[PDB]
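*Asks:* Dropping in final.txt, with compact mmCIF, C-alpha atoms and all ligand atoms.
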# COMPACT_ATOMS: atom_id res chain seq x y z
CA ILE A 1 38.37 218.61 62.33
CA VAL A 2 35.44 220.89 61.30
CA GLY A 3 34.79 221.46 57.61
CA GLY A 4 37.42 218.97 56.42
CA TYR A 5 37.12 215.57 54.64
CA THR A 6 37.71 211.81 55.41
CA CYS A 7 41.47 211.16 54.83
CA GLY A 8 41.25 207.59 53.60
CA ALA A 9 42.64 204.66 55.63
CA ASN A 10 46.18 205.30 56.65
CA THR A 11 47.02 208.07 54.15
CA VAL A 12 48.62 210.12 56.98
CA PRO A 13 51.09 207.32 58.09
CA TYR A 14 52.60 209.66 60.73
CA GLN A 15 49.27 210.45 62.54
CA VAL A 16 49.21 209.09 66.10
CA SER A 17 46.28 208.51 68.49
CA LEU A 18 47.00 208.96 72.14
CA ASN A 19 44.82 206.65 74.17
CA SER A 20 44.38 206.27 77.89
CA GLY A 21 41.31 204.01 77.64
CA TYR A 22 39.82 206.49 75.08
CA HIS A 23 41.42 208.78 72.49
CA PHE A 24 42.21 212.10 74.15
CA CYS A 25 44.78 213.57 71.77
CA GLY A 26 46.56 213.16 68.54
CA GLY A 27 50.28 213.14 67.85
CA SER A 28 53.00 212.73 65.20
CA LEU A 29 55.53 209.92 64.90
CA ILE A 30 58.96 211.43 64.25
CA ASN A 31 61.18 208.28 64.38
CA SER A 32 60.98 204.57 65.37
CA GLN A 33 60.71 205.36 69.06
CA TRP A 34 59.42 208.93 69.44
CA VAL A 35 56.23 210.98 69.03
CA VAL A 36 55.81 214.73 69.43
CA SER A 37 52.47 216.14 70.65
CA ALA A 38 51.24 219.13 72.64
CA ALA A 39 52.37 219.49 76.25
CA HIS A 40 48.73 220.35 77.17
CA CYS A 41 47.93 216.71 76.29
CA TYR A 42 50.24 215.26 79.04
CA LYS A 43 48.87 212.79 81.55
CA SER A 44 50.23 209.37 82.60
CA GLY A 45 49.21 206.00 81.09
CA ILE A 46 49.38 206.90 77.41
CA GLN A 47 49.32 204.16 74.82
CA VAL A 48 50.37 205.33 71.41
CA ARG A 49 48.24 203.96 68.62
CA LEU A 50 49.92 203.94 65.20
CA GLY A 51 48.27 202.55 61.97
CA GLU A 52 44.88 203.92 62.87
CA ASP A 53 42.02 204.78 60.67
CA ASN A 54 38.78 203.95 62.62
CA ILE A 55 39.78 204.25 66.25
CA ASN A 56 36.82 202.20 67.48
CA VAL A 57 37.64 199.19 65.30
CA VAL A 58 40.75 196.97 64.92
CA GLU A 59 41.19 197.02 61.14
CA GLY A 60 44.53 195.25 60.87
CA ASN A 61 47.28 197.86 60.54
CA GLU A 62 47.64 199.06 64.12
CA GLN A 63 50.67 198.94 66.46
CA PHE A 64 49.62 199.86 70.06
CA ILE A 65 52.83 200.56 72.00
CA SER A 66 52.86 201.99 75.59
CA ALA A 67 54.75 205.15 76.44
CA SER A 68 57.96 204.43 78.23
CA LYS A 69 58.30 208.21 78.92
CA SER A 70 57.13 211.77 78.29
CA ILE A 71 59.10 214.98 78.45
CA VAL A 72 57.00 218.11 78.58
CA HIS A 73 58.82 221.22 77.32
CA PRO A 74 60.83 222.77 80.19
CA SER A 75 59.32 226.19 79.42
CA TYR A 76 55.74 225.09 79.00
CA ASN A 77 53.31 227.56 80.42
CA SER A 78 49.82 225.88 80.72
CA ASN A 79 48.15 229.22 81.39
CA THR A 80 49.41 230.96 78.25
CA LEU A 81 50.01 227.75 76.27
CA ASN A 82 53.41 229.11 75.27
CA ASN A 83 55.75 226.25 74.34
CA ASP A 84 52.98 223.64 73.87
CA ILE A 85 55.09 220.66 72.86
CA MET A 86 55.92 217.30 74.50
CA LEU A 87 57.92 214.26 73.41
CA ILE A 88 56.78 210.63 73.85
CA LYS A 89 59.22 207.73 73.77
CA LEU A 90 57.70 204.38 73.00
CA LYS A 91 58.08 201.27 75.15
CA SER A 92 59.14 199.46 71.93
CA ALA A 93 60.07 200.84 68.50
CA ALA A 94 57.45 200.69 65.77
CA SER A 95 57.88 198.77 62.58
CA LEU A 96 57.81 201.49 59.96
CA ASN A 97 56.30 200.47 56.61
CA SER A 98 54.30 202.46 53.92
CA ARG A 99 51.23 202.66 56.10
CA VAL A 100 53.19 203.41 59.33
CA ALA A 101 55.82 206.15 58.78
CA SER A 102 57.59 209.11 60.47
CA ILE A 103 57.29 212.72 59.33
CA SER A 104 60.47 214.75 58.88
CA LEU A 105 61.34 217.67 60.90
CA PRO A 106 61.66 221.19 59.40
CA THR A 107 65.03 222.77 58.60
CA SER A 108 63.30 226.16 58.08
CA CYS A 109 60.05 227.65 59.32
CA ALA A 110 57.17 227.79 56.91
CA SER A 111 55.80 231.20 56.02
CA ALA A 112 52.35 232.72 55.64
CA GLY A 113 50.48 231.39 52.59
CA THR A 114 52.05 227.89 52.74
CA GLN A 115 49.19 225.37 52.52
CA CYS A 116 49.45 222.52 55.03
CA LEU A 117 47.39 219.46 56.09
CA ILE A 118 45.90 219.31 59.60
CA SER A 119 44.38 215.93 60.55
CA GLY A 120 42.76 214.42 63.65
CA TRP A 121 39.85 212.56 65.21
CA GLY A 122 38.49 215.63 67.00
CA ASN A 123 35.02 217.12 66.91
CA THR A 124 33.62 217.84 63.47
CA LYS A 125 30.65 219.90 64.37
CA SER A 126 30.15 223.45 65.35
CA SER A 127 26.51 222.42 65.66
CA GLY A 128 25.42 219.36 67.74
CA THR A 129 28.53 217.68 69.20
CA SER A 130 29.92 214.77 67.18
CA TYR A 131 33.11 212.81 67.34
CA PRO A 132 34.05 210.70 64.29
CA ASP A 133 35.64 207.35 63.93
CA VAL A 134 37.97 207.70 61.03
CA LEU A 135 40.65 210.32 60.51
CA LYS A 136 39.51 213.68 59.10
CA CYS A 137 41.91 215.94 57.15
CA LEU A 138 41.79 219.72 56.38
CA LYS A 139 44.12 221.46 53.95
CA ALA A 140 44.62 225.02 55.19
CA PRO A 141 47.01 228.00 54.95
CA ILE A 142 49.36 229.41 57.55
CA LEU A 143 48.05 232.95 58.10
CA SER A 144 50.12 236.20 58.51
CA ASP A 145 51.66 236.92 61.99
CA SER A 146 49.70 240.18 61.78
CA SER A 147 46.24 238.70 61.05
CA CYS A 148 46.87 236.16 63.84
CA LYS A 149 47.76 238.94 66.33
CA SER A 150 44.85 241.10 65.08
CA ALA A 151 42.61 238.05 65.73
CA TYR A 152 43.97 237.36 69.26
CA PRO A 153 45.37 240.71 70.61
CA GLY A 154 47.93 239.92 73.33
CA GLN A 155 47.90 236.05 73.21
CA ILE A 156 50.24 235.14 70.30
CA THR A 157 53.88 234.46 71.16
CA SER A 158 56.78 233.73 68.79
CA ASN A 159 56.20 230.01 69.19
CA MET A 160 52.64 230.29 67.88
CA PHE A 161 51.35 230.75 64.32
CA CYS A 162 47.72 230.79 63.06
CA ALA A 163 46.50 228.55 60.20
CA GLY A 164 43.01 228.40 58.76
CA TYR A 165 40.36 230.60 57.20
CA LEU A 166 39.24 233.85 58.93
CA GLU A 167 35.76 233.28 57.33
CA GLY A 168 35.22 230.34 59.66
CA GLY A 169 33.82 226.91 58.71
CA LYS A 170 37.05 224.91 58.54
CA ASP A 171 39.35 224.31 61.52
CA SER A 172 40.60 221.75 63.99
CA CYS A 173 38.50 221.21 67.21
CA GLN A 174 38.35 219.40 70.57
CA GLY A 175 40.28 216.13 70.47
CA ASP A 176 42.45 217.32 67.60
CA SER A 177 45.08 218.67 70.01
CA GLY A 178 48.65 217.39 69.82
CA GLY A 179 48.29 216.25 66.20
CA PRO A 180 49.99 217.26 62.93
CA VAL A 181 50.22 220.32 60.61
CA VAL A 182 52.48 219.18 57.79
CA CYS A 183 53.47 221.57 54.99
CA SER A 184 55.56 220.30 52.11
CA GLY A 185 56.39 217.10 53.98
CA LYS A 186 57.55 218.84 57.17
CA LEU A 187 55.87 218.89 60.55
CA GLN A 188 55.53 222.60 61.00
CA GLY A 189 52.72 222.81 63.59
CA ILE A 190 51.16 220.98 66.53
CA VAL A 191 47.42 221.50 67.16
CA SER A 192 47.27 223.72 70.26
CA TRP A 193 44.31 226.09 71.01
CA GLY A 194 41.69 228.41 69.43
CA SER A 195 38.47 230.19 70.47
CA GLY A 196 35.70 227.65 69.91
CA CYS A 197 36.14 225.84 66.56
CA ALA A 198 35.55 227.21 63.01
CA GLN A 199 34.32 230.62 64.11
CA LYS A 200 34.75 233.80 62.10
CA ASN A 201 38.09 235.62 62.84
CA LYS A 202 39.15 233.01 65.38
CA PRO A 203 41.45 230.53 63.51
CA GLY A 204 43.43 227.58 64.80
CA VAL A 205 46.66 228.39 66.59
CA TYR A 206 49.58 226.01 66.38
CA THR A 207 52.89 225.45 68.07
CA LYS A 208 55.59 226.68 65.64
CA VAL A 209 57.58 223.39 65.53
CA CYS A 210 60.62 224.85 63.67
CA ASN A 211 61.48 226.62 66.92
CA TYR A 212 61.94 223.32 68.78
CA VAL A 213 63.96 221.21 66.29
CA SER A 214 67.17 221.63 68.29
CA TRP A 215 65.50 220.75 71.65
CA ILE A 216 63.90 217.69 70.04
CA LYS A 217 67.11 216.53 68.41
CA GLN A 218 69.11 216.93 71.67
CA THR A 219 66.42 215.20 73.71
CA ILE A 220 66.22 212.14 71.37
CA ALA A 221 70.06 211.92 71.44
CA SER A 222 70.11 211.62 75.23
CA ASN A 223 66.82 209.70 76.23
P1 LIG A 301 42.54 220.25 72.02
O1 LIG A 301 42.72 219.79 73.41
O2 LIG A 301 41.72 219.29 71.24
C1 LIG A 301 41.87 221.97 71.98
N1 LIG A 301 42.54 222.77 72.97
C2 LIG A 301 42.09 222.60 74.21
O3 LIG A 301 40.88 222.63 74.43
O4 LIG A 301 42.87 223.19 75.25
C3 LIG A 301 43.55 224.46 75.08
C4 LIG A 301 42.67 225.67 75.45
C5 LIG A 301 43.26 226.82 75.95
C6 LIG A 301 42.50 227.92 76.28
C7 LIG A 301 41.12 227.88 76.10
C8 LIG A 301 40.52 226.74 75.60
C9 LIG A 301 41.29 225.65 75.27
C10 LIG A 301 41.66 222.69 70.64
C11 LIG A 301 42.52 222.63 69.57
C12 LIG A 301 42.23 223.43 68.45
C13 LIG A 301 41.12 224.27 68.39
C14 LIG A 301 40.81 225.04 67.27
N2 LIG A 301 39.71 225.81 67.24
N3 LIG A 301 41.60 225.11 66.20
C15 LIG A 301 40.28 224.26 69.48
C16 LIG A 301 40.54 223.48 70.59
CA CA A 302 41.60 200.97 64.34
I need this file expressed as C-alpha cells, please.
Ligand SMILES: *P(=O)(O)[C@@H](NC(=O)OCc1ccccc1)c1ccc(C(=N)N)cc1
Ligand SMILES: [Ca+2]
*Replies:*
Amino acid sequence: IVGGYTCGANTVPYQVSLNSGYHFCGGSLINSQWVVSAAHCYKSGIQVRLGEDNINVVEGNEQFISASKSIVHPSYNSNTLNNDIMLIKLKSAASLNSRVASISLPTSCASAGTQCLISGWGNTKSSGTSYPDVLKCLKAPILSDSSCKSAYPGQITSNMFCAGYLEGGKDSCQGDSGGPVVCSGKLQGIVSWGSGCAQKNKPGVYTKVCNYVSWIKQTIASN
C-alpha cells in the first residue's frame, strides 16, 4: 500500500498473509477453513498466516495453517487477468476470535462512490523500493465503470472495477495482490493489477467479488 497508513495490530482480523518461505500475497479469510485470494497468486506450498501484524516477528496472535488445497477459478485467464480469484482450504480450521475473524460475503455489488478499505503488506513506495513489516491500510472509493474504462481502454471486463484516486499518490502495490477491499463490512474486491502503483490516471483494479459469490458458496459446499 502506497499513500496509506499503519492499520494497528490486528484491526483487519480477516487479512491473510500467504507465505511460501516469504510473503508473496495477501488474502481474506471467509470462514473457519477457507480463504479467497487472486488466482494470479497461485503456486504450491502455501501456508496461510492469520493473526498477523508484523510479518517478520512472532507477536503472539498468529495461526499458521498449511493449505490443504487451492481451486483457481475455472475461467481464469492469466493473460487478461479476467476472473482473478482463487479459493484456499486450510489443512485445519482456524480458531476465530476478535483478533482472528472472517469477512462476510456480499449479497449485492457495491457501486461507484462507496468508500472501502484496502490493506496489505505490499510496497509502499513509488520512490526507492520498500516493503513494510506491519499491515498498511488505505481507505479509497470505488470509481465509475466509465472512468475505469477511460483509464484502461480495452482491458476492463465485467469482473473488474477500479478503486482509488485518479490524482495518484494512494493505491495498492506489489505484494498487495490477493488481499481485501471491504466496503461496509463486505468483501467486494480482491487486489488484482494496475499500471505501476499510485500513478496519475492509473488506479488499482480489483476483482468484482459479488460476481463470484455463487461459485464460492457452491465450491465450499462440495470441497
Ligand atoms: P500483485 O501481485 O501484488 C500486483 N499485480 C501483479 O504484479 O501482477 C498482475 C499484473 C498484470 C499485468 C501487468 C503487471 C502486473 C499489483 C496489484 C495492484 C497494483 C496496483 N497498482 N493497484 C499493482 C500491482
Ligand atoms: Ca507476526
*Asks:* 12 Å from ligand CA 302 (chain A) is the threshold here; counting all atoms listed in the file, which polymer residues fall inside it? Answer as a VMD selection string.
*Replies:* chain A and resid 9 to 10 16 to 17 19 23 49 to 64 121 133 to 135
*Asks:* Each residue of region 5-122 of chain A lying at most 12 Å from region 168-179 of chain A should get a row with its shortest atom-to-atom pair and the distance in Å to one decimal, counting all atoms listed in the file; could you produce that, ordered by chain and increasing number, as CSV?
*Replies:*
residue,atom,partner,partner_atom,distance
A:5,CA,A:170,CA,10.1
A:12,CA,A:179,CA,11.1
A:14,CA,A:179,CA,9.6
A:15,CA,A:179,CA,6.9
A:16,CA,A:179,CA,7.2
A:17,CA,A:179,CA,8.3
A:18,CA,A:178,CA,8.9
A:19,CA,A:175,CA,11.1
A:22,CA,A:175,CA,10.7
A:23,CA,A:175,CA,7.7
A:24,CA,A:175,CA,5.8
A:25,CA,A:175,CA,5.3
A:26,CA,A:179,CA,4.2
A:27,CA,A:179,CA,4.0
A:28,CA,A:179,CA,6.0
A:29,CA,A:179,CA,9.7
A:30,CA,A:179,CA,11.9
A:35,CA,A:179,CA,9.9
A:36,CA,A:178,CA,7.6
A:37,CA,A:178,CA,4.1
A:38,CA,A:178,CA,4.2
A:39,CA,A:178,CA,7.7
A:40,CA,A:178,CA,7.9
A:41,CA,A:178,CA,6.5
A:42,CA,A:178,CA,9.6
A:84,CA,A:178,CA,8.6
A:85,CA,A:178,CA,7.8
A:86,CA,A:178,CA,8.6
A:87,CA,A:178,CA,10.4
A:88,CA,A:178,CA,11.3
A:103,CA,A:179,CA,11.9
A:117,CA,A:179,CA,10.6
A:118,CA,A:172,CA,7.3
A:119,CA,A:179,CA,6.9
A:120,CA,A:176,CA,4.9
A:121,CA,A:176,CA,5.9
A:122,CA,A:175,CA,3.9
*Asks:* Between CA of residue 136 (chain A) and CA of residue 123 (chain A), what is the distance in Å, rounded to a tenth?
*Replies:*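 One can read the CA of residue 136 (chain A) to CA of residue 123 (chain A) distance as 9.6 Å.
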*Asks:* Excluding region 146-159 of chain A and its own-chain neighbours fewer than 3 positions away, which residues fall within 7 Å of it when counting only C-alpha atoms? Please give them as a PyMOL selection string.
*Replies:* chain A and resi 82-83+143+162+201-202+207-208+211
*Asks:* For a quick check of understanding, using only C-alpha atoms and all ligand atoms, which of A:161, A:215, A:193, A:76 has the smallest distance to ligand LIG 301 (chain A)?
*Replies:*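 Among the listed residues, the smallest separation from ligand LIG 301 (chain A) belongs to A:193.
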*Asks:* Closest to residue 199 (chain A) among A:160, A:166, A:213, A:94, using only C-alpha atoms?
*Replies:*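 Closest to residue 199 (chain A), using only C-alpha atoms: A:166.
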*Asks:* With distances taken over all atoms listed in the file, which of A:1, A:48, A:101, A:209 is nearest to ligand LIG 301 (chain A)?
*Replies:*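 Smallest separation from ligand LIG 301 (chain A) among the options: A:1.
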*Asks:* Find, counting only C-alpha atoms, the residue in A:13, A:47, A:222, A:115 that gets nearest to residue 97 (chain A).
*Replies:* A:13
*Asks:* In Å to one decimal, how far is CA of residue 4 (chain A) from CA of residue 139 (chain A)?
*Replies:*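 Going from CA of residue 139 (chain A) over to CA of residue 4 (chain A) covers 7.6 Å.
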